[PDB]
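First the proteins, then the strands, lettered A, B, ... as listed; each starts at 1.
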Amino acid sequence: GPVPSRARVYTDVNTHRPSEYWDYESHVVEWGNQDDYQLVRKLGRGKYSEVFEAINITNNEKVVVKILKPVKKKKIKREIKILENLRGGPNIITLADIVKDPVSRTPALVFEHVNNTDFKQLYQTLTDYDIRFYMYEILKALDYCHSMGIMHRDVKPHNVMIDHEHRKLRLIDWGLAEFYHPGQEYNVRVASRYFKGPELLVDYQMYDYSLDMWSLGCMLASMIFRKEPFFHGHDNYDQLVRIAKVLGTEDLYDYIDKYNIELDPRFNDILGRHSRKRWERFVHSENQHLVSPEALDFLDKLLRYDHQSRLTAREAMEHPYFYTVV
Amino acid sequence: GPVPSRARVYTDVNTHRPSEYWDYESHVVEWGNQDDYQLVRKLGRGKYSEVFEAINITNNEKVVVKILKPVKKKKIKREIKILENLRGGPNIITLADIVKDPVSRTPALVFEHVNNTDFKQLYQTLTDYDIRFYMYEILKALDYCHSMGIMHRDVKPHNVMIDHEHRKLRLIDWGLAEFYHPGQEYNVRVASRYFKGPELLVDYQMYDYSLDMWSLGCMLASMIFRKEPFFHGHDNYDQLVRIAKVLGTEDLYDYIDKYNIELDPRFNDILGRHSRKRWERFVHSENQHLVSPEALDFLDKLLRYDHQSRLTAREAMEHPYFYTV
Ligand SMILES: CCc1ccccc1-c1ccc(CNCCc2nc3cccc(C)c3[nH]2)cc1Cl
Ligand SMILES: CCc1ccccc1-c1ccc(CNCCc2nc3cccc(C)c3[nH]2)cc1Cl
């Protein structure tokens with residue numbers, strides 16, 4: 001069978017905590033009355049949910065309301081427990097209330113309001129500094145949640161809300177997040193296709209916080225290279241082929257051999273043979289103003305097949321790419 | 001109604017600053033992970049907090065962890081905003097971190113560590129110069145926080161930490177501190193009984209930074225006269241009577257008339273009639289080595305009913321009592 005693996009950081013943080021912290025199945029959720037909130041408008045379609053801007057009628061303050069499609073109660077309890085655990089952490093969306101509408105009884109989560117800037121227009125205005133600044137803000141959220149024994153497992157631009165005017169960033173949608181327990185075998189059907197780490201694609205279940213660092217590397221590459229998404233798979237098997245066209249097939253075999261991973265036969269006719277590309281090959285006139293030796297070195301240290309070799313969020317924060325940020 | 005009043009110094013310092021500075025209710029607090037700190041032992045206890053000795057495991061440095069009993073979230077936000085605004089100011093306790101334990105989720109504040117010398121231990125070995133030196137250190141903290149538009153509102157010896165060996169002083173516990181806005185009516189249920197200014201006791205809500213100068217006067221009187229506390233009230237109403245036994249009832253009526261203050265009927269049977277006492281009376285063989293004409297003149301200029309008449313922290317720093325520091 002496969003060789004076991006464990007996180008290089010925060011390995012035993014849940015092991016040394018009482019069961020109340022990580023046993024979400026035994027958590028008692030107190031559902032308040034949603035009558036204190038009036039829905040204003042739809043903001044997005046969540047992930048088995050719908051996100052709204054709303055007004056808290058008791059104080060005239062705007063809030064965000066996430067209405068959950070009750071597909072699995074265990075998953076709702078998980079997201080609530082994680083949100084309660086991380087409540088108030090740096091750059092984490094703040095859970096303010098848990099409510100149900102009296103007639104519908106639909107589970108709803110109430111959050112701190114975020115005034116989302118439309119980035120599809122300011123994507124061209126972004127500077128090298130802005131990318132370094134916001135990448136550091138995401139790293140503060142990840143080092144915090146990882147320290148709290150939680151893996152986000154769905155890091156992607158859609159789950160990062162930015163209020164550019166106030167330079168405020170929040171990591172949202174903790175619906176796929178899980179508690180990290182060393183040696184635990186997790187479901188690989190997590191994250192979004194373009195952001196899935198190689199561990200998920202080769203069905204290596206004993207992954208950790210490092211999965212979020214791969215996803216972060218995908219985001220960085222798409223931003224500095226203005227190539228969205230960076231690895232454009234058309235299905236989960238093709239996704240590994242898109243990564244192999246950049247990282248090469250030699251290092252992929254080294255990875256699968258290191259962990260004694262059995263490669264699915266579906267890869268047989270599609271994987272091929274690919275050279276390891278230089279990161280400099282992706283620089284062009286439209287993106288050269290966001291690229292630097294520091295940025296390419298940092299990206300190279302995140303986008304590694306081997307989940308154990310990737311920088312942790314704390315190591316990433318010490319990289320020279322961030323020497324110019326506060 | 002009562003006659004309005006405003007501070008003689010730093011009146012408009014908050015008016016000329018954006019709302020982000022003084023609007024603590026809109027401040028976003030980032031609660032870090034307390035796992036970076038290991039609690040060693042309990043140091044001190046407060047009315048709504050507990051102070052523990054701790055170690056920061058990431059750098060092996062001792063810190064102080066103040067664990068807050070979450071009675072009111074608005075008050076926690078206020079103390080944090082004020083500590084962030086004054087962070088690094090002279091003789092102000094330094095907020096190092098804001099954390100919560102993963103399982104308890106109890107708000108905790110992380111401060112610099114102070115090797116506190118006991119208040120009763122140094123008491124007998126204190127010189128006239130030591131009192132002048134440390135009073136000047138408190139004044140640096142007050143003139144600074146007042147300049148930053150903040151009233152401490154709980155000045156007392158328990159909130160002053162001193163490392164005598166290193167001649168280091170810190171003004172602590174900003175849990176009752178508030179932002180000064182000219183014309184604002186504040187809650188009078190602040191400070192500790194013995195240190196409450198007359199304005200609080202007569203329910204005059206439009207007070208300012210001068211409240212801290214009354215409290216400082218109470219501290220200096222207890223030190224130079226070796227009489228702890230100086231105004232020993234047994235309740236908030238009796239506290240005004242104890243001040244009246246020293247300052248006299250004539251000047252108390254002049255004060256309440258000047259500001260058109262309605263005196264609570266609870267004062268009717270207890271206030272009585274009292275002469276204005278001379279400060280020289282409180283001098284005795286056990287305290288004469290810490291008393292001087294300069295000290296009495298300075299004290300007389302702090303312990304005044306009229307909050308507008310008391311010396312400001314800046315004026316106090318220019319007093320002849322400090323010419324030797
Ligand atoms: C300069 C930041 C950056 C650096 C590097 C790579 C990507 C990005 C980046 C680029 C754009 C965004 C903004 N994404 C918004 C996501 C989002 N809007 C919503 C509106 C309504 C509802 C939801 C769920 C929403 N969800 C976030 C990020 Cl983190
Ligand atoms: C009469 C006050 C006075 C007038 C003039 C000059 C100095 C002082 C003075 C001011 C402060 C102290 C020392 N107070 C210690 C306070 C204190 N320790 C703590 C230890 C643990 C926890 C807490 C909250 C603590 N809180 C002693 C003195 Cl002598």
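The CD atom of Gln38(B) sits 14.5 Å away from atom NZ of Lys62(B), with the distance rounded to the nearest 0.5 Å. Between atom CG of residue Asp212(B) and atom NE2 of residue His307(B) there is a gap of 13.5 Å, rounded to the nearest 0.5 Å. Here CZ of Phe179(A) is found 6.0 Å from OH of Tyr21(A). Values are rounded to the nearest 0.5 Å. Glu185(A) contributes atom CD, which lies 4.5 Å from atom CE of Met206(A) (distance to the nearest 0.5 angstrom). Rounded to the nearest 0.5 angstrom, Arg78(B) CZ and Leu176(B) CG are separated by 6.5 Å. With values rounded to the nearest 0.5 angstrom, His181(A) atom NE2 is found 7.5 Å from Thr15(A) atom OG1.
Chain B is approached within less than 4.5 Å, heavy atom to heavy atom, by no residue from residues 318-326 of chain A. Identified by a heavy-atom distance below 4.5 Å to chain B, the contributing residues of residues 155-174 of chain A are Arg170(A), in residue-number order. Interface residues of residues 84-108 of chain B toward chain A, defined by a heavy-atom distance below 4.5 Å and sorted by number: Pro102(B), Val103(B), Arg105(B). Near-neighbour residues of residues 143-150 of chain A relative to chain B, defined by a heavy atom under 4.5 Å from a heavy atom of that chain, comprise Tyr144(A), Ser147(A), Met148(A).
A centroid separation of less than 6.0 Å is found between the aromatic rings of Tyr180(B) and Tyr209(B).
With respect to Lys66(B) and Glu79(B), a salt bridge is recorded, a charged nitrogen being found less than 4.0 Å from a carboxylate O. Checked for salt-bridge contact, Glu50(B) and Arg45(B) miss the test: no charged N lies under 4.0 Å from a carboxylate O. Between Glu25(A) and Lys74(A) a salt bridge is recorded (basic side-chain N to carboxylate O distance below 4.0 Å).
Distance alone, capped at 3.5 Å, is enough to place a donor-acceptor pair between the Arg8(A) side chain and the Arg310(A) backbone. Panel note: side chain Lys81(A), backbone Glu20(A); a donor-acceptor pair is recorded below 3.5 Å.
Considering only heavy atoms from C-beta on, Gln308(A) stays 4.5 Å or farther from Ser210(A) through its side chain.
What you find for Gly197(B) and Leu211(B) is that their closest heavy atoms are N-CD1, 3.6 Å.
Within 6.0 Å of the CG atom in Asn59(B), the count of heavy atoms belonging to other residues, nucleotides or ligands exceeds 12.
Of the candidates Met213(A), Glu315(A), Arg314(A), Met213(A) is the only one forming a side-chain contact (heavy atoms from CB on, under 4.5 Å) with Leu139(A).
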Evaluation steps, side-chain contact (heavy atoms from CB on, under 4.5 Å), between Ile138(A) and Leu216(A) = CA-CA 8 Å; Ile138(A) 297 165; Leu216(A) 184 63; 3.8 Å; yes
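Only the side chain of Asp35(B) comes within less than 4.5 Å of a heavy atom of chain A; its backbone N, CA, C and O stay farther away.
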